[PDB]
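Report on the following structure.
Counting convention: from 1, in listed order, for ligands and their atoms alike. Below, each value reflects all heavy atoms present in this structure, side chains not excepted, and no hydrogens, waters or symmetry copies. Proteins come first, then strands; the chains are lettered A, B, ... in the order of their sequence lines, and each starts at number 1.
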Amino acid sequence: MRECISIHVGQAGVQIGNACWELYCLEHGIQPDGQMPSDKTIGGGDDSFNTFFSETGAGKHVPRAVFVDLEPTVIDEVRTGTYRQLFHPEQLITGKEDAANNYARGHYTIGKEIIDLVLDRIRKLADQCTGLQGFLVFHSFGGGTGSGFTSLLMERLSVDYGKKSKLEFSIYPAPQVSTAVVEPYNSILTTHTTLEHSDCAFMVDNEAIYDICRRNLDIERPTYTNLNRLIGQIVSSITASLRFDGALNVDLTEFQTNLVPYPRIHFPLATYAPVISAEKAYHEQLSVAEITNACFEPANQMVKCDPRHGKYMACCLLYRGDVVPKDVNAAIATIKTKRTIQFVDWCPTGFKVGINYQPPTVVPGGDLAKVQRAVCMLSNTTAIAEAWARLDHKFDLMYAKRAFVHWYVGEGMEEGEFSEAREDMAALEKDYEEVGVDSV
Amino acid sequence: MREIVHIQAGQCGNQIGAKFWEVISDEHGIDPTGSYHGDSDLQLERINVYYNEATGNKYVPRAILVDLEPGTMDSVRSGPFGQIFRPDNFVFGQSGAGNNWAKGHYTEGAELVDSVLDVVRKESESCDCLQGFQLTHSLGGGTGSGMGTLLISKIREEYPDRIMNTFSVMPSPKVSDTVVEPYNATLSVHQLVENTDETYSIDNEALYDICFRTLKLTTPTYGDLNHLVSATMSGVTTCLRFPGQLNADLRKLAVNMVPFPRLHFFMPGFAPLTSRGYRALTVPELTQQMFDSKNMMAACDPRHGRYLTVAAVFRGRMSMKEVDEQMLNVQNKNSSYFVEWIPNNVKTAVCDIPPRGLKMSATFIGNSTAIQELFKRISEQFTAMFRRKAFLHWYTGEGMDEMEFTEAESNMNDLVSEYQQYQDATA
Ligand SMILES: CC[C@H](C)[C@H](NC(=O)[C@@]1(C)CCCN1C)C(=O)N(C)[C@H](C[C@@H](OC(C)=O)c1nc(C(=O)N[C@@H](Cc2ccc(N)cc2)C[C@H](C)C(=O)O)cs1)C(C)C
Ligand SMILES: Nc1nc2c(ncn2[C@@H]2O[C@H](COP(=O)(O)OP(=O)(O)OP(=O)(O)O)[C@@H](O)[C@H]2O)c(=O)[nH]1
Ligand SMILES: Nc1nc2c(ncn2[C@@H]2O[C@H](COP(=O)(O)OP(=O)(O)O)[C@@H](O)[C@H]2O)c(=O)[nH]1
Ligand SMILES: [Ca+2]
Ligand SMILES: [Ca+2]
Ligand SMILES: [Mg+2]
Ligand SMILES: [Mg+2]
Ligand SMILES: [Mg+2]
């Protein structure tokens, strides 16, 4: 019961899925062939890891996942790679021609040809669930598949599944690793189309992850490999609540209840601690109080924005490892008396806490040090709207001169879809301003 | 009047409901199998109020275990006394209520509610003379909150002539971090005001503060809080379970405690306050303590209001002269805190059997106007979110309208206004 299907869309979405699934296997004791000696219930069970892994009669633990890209080259590496025996061929879906960093191609042109095949395979996975909770969608904002195909898939999933949970891990564009000049158009187009069709979305600023790798892990020019290894850790922290069981374990839905005050205000800020190198972690252990305080450090955020210049609407602390309530309670009490967190006048100032005892695992040949305890904070701050504004400014500069718009118009889109998307973004920015005003 | 039907809904309800049966089972000398092994026949004279006697003289609790998830009930079944309970009396779902009153009352709860009532009906049949119903639940969740109040309303339709009594747990931001709790609690109070005869207002704020300040527990657990709840439940039900003159039935209790039909929210008290890990209390100590703010199970200062009615239960082997002396001394020393327009409003009972590990205890039950403080608190938290309509989508996505919320808000505000009415009333 309570199964979750993961959907990995485009290169960003697929490569992050590779990292995530690689890490879940390591955390549950699942071998690259899908075998799990730790599991005595052969052919199936009701265990907490079963929300993410299906079981075959043979004893193979199969990810409840679909990988989609409009081109073969990225998924082909999964088919050939270490975990080729982990997935059934039918879970790995490729086209022949990609969306060429164009929303219109992924949503319409190219995407229309593969959509029903993707839905069939999602349906096949859905049919093996005794009690489907919902979906986890991994994609980039900037790519044509990542933006347009995700939009189309989201719309179709709302039609096919109703109001069954749809969560996203969206890669926010950064110049340092940016592939296209039209990423701000694709980001605004996907955000508009998907807004109504998502219940919660975790944005990951590639610049924020880039900076952490450079600063905390002392990596000169971070690769997507380095980036995905750090995202793997944040994703694992948010899904640990679902993949493990415990007395102090609070479900992702309970965090969501607190994180979403209004349907459109469903973008939580993720902050992870500790991100430390093996060299810097040798003979230095960080306490519950140390890792907790590090969450209120803008340097550890998944999105670059200032929550100290914004207002909180929630704080959730998701602990991993050697953590006891006494210490968490004391660390929270300290931050509170330290009065560093300004909250909206309309909501309770409590901190919702979950704890899983299984400590964070590390991928061999990693930059990350294995720590005894880790924390992920999910906060709903008005500061996340800074990300919306930066992306909205870039869009504005280009759309004023109608720069590159013909590439979209030539694929069947109208100028009207652009202006309508942008007006939704102005409305969302206004909504984030409104929630931050004190009541009269 | 004879038999009480007990219903326990949701996580809190089932946890506190479970602890209740463990405590009074030991009191009445019933082992985890259901077999009697006691020293006194005072233990069986009124056993049939809570237990059904079965073939082979084995005693079965007249308890219904309800939840929209298997979790807690599975741990109750795995528990020490889980074996005492009738297995046909475990009514559960798989969905959960997700701390949503709308899910417990209208959508998820709606799907399970008739299966509960069939068990309520079967239990009501095996009753020579049913008194009424007892329910354990929290007001902050979805199942006990939403489903519990819908079960009360449905039970009231089928049994309109019987007494409905609850042990309702009030939310505190010191115990819970679920933002929606003030919403669920206000929705549940509106229901309790209309459909219950007696409600014991068990406040998580007071239980937390007792554990921290008085029991000196640095990191109190639910089991620590529940220890004070099980002591309170054992004390407030004494008169119903053991031979006696005062408040021996639910109806007689209500007639003594409820001057006005909406003003039926009781502030329970207890002395000595203990933690699960020698020194007996004198009759004067029990009396000072049970009436002291620090011993109240609801985070209200009795000295901020007036007592409309009081019930005092003394358990153990003591002086009935001294009990009477100290009870009269308390009333005569603080006469301003007792409404003059309700003459002789404090009624006292003495029971020879004490609780486990106590030589002597005292349980207080007060209908004080100071309970408005608890209601003003939940109201302050509700209005802060509701004036900005925050987190309502969780409720409207279940079919509810803002109207239900405005109505609930009004009824509770009116109830606070009523408690003030009688606090400022003179003879
Ligand atoms: C790290 C977060 C901890 C766990 C949590 N903190 C908070 O909620 C804080 C204080 C942090 C931020 C603000 N917020 C209000 C907390 O202390 N609580 C929620 C406790 C309850 C919590 O305490 C601890 C120390 O674990 C729990 N107690 C139990 C417990 O008693 N378990 C018992 C079984 C049980 C399980 C569930 C229910 N509902 C009832 C009983 C078993 C134990 C051995 C016993 O008998 O005490 C479980 S979680 C309440 C009373 C304030
Ligand atoms: N963190 C991270 N970002 C990635 C990765 N791959 C691509 N991106 C980012 O995603 C954006 C480009 O999107 P892609 O994933 O390559 O696009 P796509 O979905 O495959 O779309 P098309 O190839 O145009 O069909 C840029 O912002 C990249 O920096 C990855 O593995 N990790
Ligand atoms: N005293 C006490 N409070 C509890 C317990 N379990 C839950 N609560 C409180 O009840 C509220 C949540 O309701 P809960 O019973 O868990 O949800 P339900 O299962 O949907 O009815 C919060 O105020 C919790 O702090 C318990 O065992 N004892
Ligand atoms: Ca298994
Ligand atoms: Ca249903
Ligand atoms: Mg590609
Ligand atoms: Mg629950
Ligand atoms: Mg006092």
Side-chain angles (χ1 to χ4, degrees), chain A residues 9-19 68-71 73-74 95 97-103 105-106 110-111 139-150 171-180 183 186-187 204 206 209-210 223-228 230-231 247-248 250-251 254 288 315 317 319 323-333 336 349-355, chain B residues 10-12 14-16 18-19 67-69 71-72 75 96-99 138 141-144 172-177 204 207-208 211-212 217-227 276:
Chain A
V9 185
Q11 181 191 287
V14 160
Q15 292 188 155
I16 293 174
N18 265 329
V68 203
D69 192 0
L70 298 177
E71 71 128 352
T73 73
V74 189
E97 188 168 320
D98 61 36
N101 297 312
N102 182 354
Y103 175 91
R105 286 173 64 82
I110 317 298
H139 61 103
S140 64
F141 270 177
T145 302
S147 70
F149 191 78
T150 308
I171 304 293
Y172 180 105
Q176 296 92 348
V177 282
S178 218
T179 67
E183 290 200 347
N186 294 337
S187 301
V204 180
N206 254 351
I209 310 301
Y210 198 78
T223 65
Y224 286 148
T225 316
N226 306 137
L227 292 209
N228 299 352
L230 190 60
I231 306 154
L248 304 175
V250 167
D251 208 77
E254 309 193 49
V288 160
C315 272
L317 285 159
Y319 302 85
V323 171
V324 300
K326 192 188 92 276
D327 296 312
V328 171
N329 294 338
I332 293 151
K336 277 200 154 192
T349 55
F351 289 58
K352 193 152 189 79
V353 178
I355 296 172
Chain B
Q11 185 195 221
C12 181
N14 277 289
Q15 207 63 242
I16 77 165
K19 289 284 163 168
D67 214 337
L68 280 168
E69 53 178 40
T72 307
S75 87
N99 297 307
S138 63
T143 309
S172 187
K174 288 184 190 213
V175 175
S176 176
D177 300 296
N204 268 359
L207 308 174
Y208 183 79
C211 283
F212 191 65
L217 296 170
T218 42
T219 296
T221 67
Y222 279 132
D224 291 326
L225 267 54
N226 292 359
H227 180 249
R276 305 182 275 173

A:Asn226 side-chain N/O to A:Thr223 backbone N/O, donor-acceptor pair under 3.5 Å: yes

Can you check whether B:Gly223's main-chain N or O pairs, donor with acceptor, with B:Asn226's side chain at less than 3.5 Å? no

Within-cut-off N or O pair, [X] and ligand 1, under 3.5 Å:
{"X": "B:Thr221", "value": "yes"}
{"X": "A:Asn329", "value": "yes"}
{"X": "B:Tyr222", "value": "yes"}

Proximal candidate to atom 17 (O) of ligand 2 [heavy atom criterion; set A:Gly143, A:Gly148, A:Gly13]: A:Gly143

Given B:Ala18, A:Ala331, B:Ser176, B:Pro220, identify the one with the heavy atom nearest to atom 50 (C) of ligand 1. B:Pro220

Any N or O of [X] that comes nearer than 3.5 Å to an N or O of ligand 2?
{"X": "A:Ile16", "result": "no"}
{"X": "A:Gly142", "result": "no"}
{"X": "A:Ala174", "result": "no"}
{"X": "A:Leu227", "result": "no"}
{"X": "A:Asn102", "result": "no"}
{"X": "A:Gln15", "result": "yes"}

Under 4.0 Å from a heavy atom of A:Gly10: which atoms of ligand 2 are those, numbered in the order shown and with their elements? 19 (O), 20 (O)

Give the atom numbers and elements of ligand 2 that come within less than 4.0 Å of a heavy atom of A:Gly144. 21 (O), 22 (P), 24 (O)

A student checking ligand 1 against B:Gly223 at a 4.0 Å heavy-atom cut-off should list atoms 31 (O), 46 (O), 47 (O)

What atoms in ligand 1 come closer than 4.0 Å to a heavy atom of A:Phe351? 12 (C)

Among all protein heavy atoms, pick out the one at the shortest distance from atom 8 (O) of ligand 1; state its residue, atom name and that distance to 0.1 Å. B:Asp177 OD2, 3.1 Å

Which residue and atom name correspond to the protein heavy atom nearest atom 8 (N) of ligand 2, and how close is it? A:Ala12 CB, 3.7 Å

Among A:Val288, A:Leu317, A:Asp327, the one residue meeting side-chain contact (heavy atoms from CB on, under 4.5 Å) with A:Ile332: A:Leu317

Could you check whether any heavy atom of B:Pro173 sits closer than 4.0 Å to an atom of ligand 1, since that is the contact criterion I want to use? yes

Mark the output for B:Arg276 as yes if a heavy-atom distance to ligand 1 is under 4.0 Å, and as no if none is. yes

Would A:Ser187 and A:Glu183 count as having a side-chain donor-acceptor pair, cut-off 3.5 Å? no

